[PDB]
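Each reported figure results from applying straightforward, stated rules to the coordinates on display, with no laboratory input. Quick reminder, even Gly has a Cβ in these numbers, built from the backbone with ideal geometry, and neighbours come from all protein chains shown.
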Amino acid sequence: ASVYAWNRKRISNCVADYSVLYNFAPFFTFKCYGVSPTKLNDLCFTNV
Amino acid sequence: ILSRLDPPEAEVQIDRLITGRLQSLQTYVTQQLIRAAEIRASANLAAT
């Protein structure tokens with residue numbers, strides 16, 4: 001989407017392996033606030 | 001804290017909680033000593 005009309009996908013009832021991310025090193029940038037990407041892969045939330 | 005955060009930052013967050021709850025224990029024990037002196041003075045009057 002355009003940023004003014006940013007798109008929001010709601011996530012529910014699934015198992016995310018957040019380790020699929022982080023990869024693809026050449027231009028990804030990761031910046032987590034409140035937690036890292038290793039510790040939350042063993043965590044759960046109601047809605048993402 | 002650990003579940004959603006790396007050690008370098010988790011040591012700081014746990015140290016804050018430790019300081020807070022350690023202050024709780026100091027408040028508790030100080031009041032028990034001050035209040036035990038009052039019941040001791042009463043026990044001395046009752047013995048007399």
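Tabulated values for the structure
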{"quantity": "Chain lengthening between B:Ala37 and B:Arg4 when straightened (0.36 nm per residue, less Cα-Cα)", "calculated": "7.2 nm"}
{"quantity": "Estimated dipole of chain B in Debye, rounded to 20 [Cβ of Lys and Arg +1, of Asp and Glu -1, Cα centre]", "calculated": "300 debye"}
{"quantity": "Chain A: trypsin sites (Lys or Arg not before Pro) in DSSP loop, at most 15 other beta carbons within 10 Å", "calculated": "A:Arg8, A:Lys9, A:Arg10, A:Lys31"}
{"quantity": "Alpha carbon convex hull of chain A, projected area averaged over orientations, nm²", "calculated": "4.7 nm²"}
{"quantity": "Span per principal axis, largest first, for the Cα atoms of the protein assembly as shown (Å)", "calculated": "86, 29, 27"}
{"quantity": "Karplus-derived HN-Hα couplings along the range B:10-22 (A = 6.51, B = -1.76, C = 1.60, θ = phi - 60°), whole Hz, x at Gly and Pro", "calculated": "6, 4, 5, 5, 6, 4, 5, 5, 4, 4, x, 6, 5"}
{"quantity": "Principal axes of chain B: Cα extent on each, largest first, Å", "calculated": "63, 14, 8"}
{"quantity": "Assigned charges on the beta-carbon of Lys, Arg, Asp, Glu; the protein assembly as shown dipole about Cα centre (debye)", "calculated": "340 debye"}
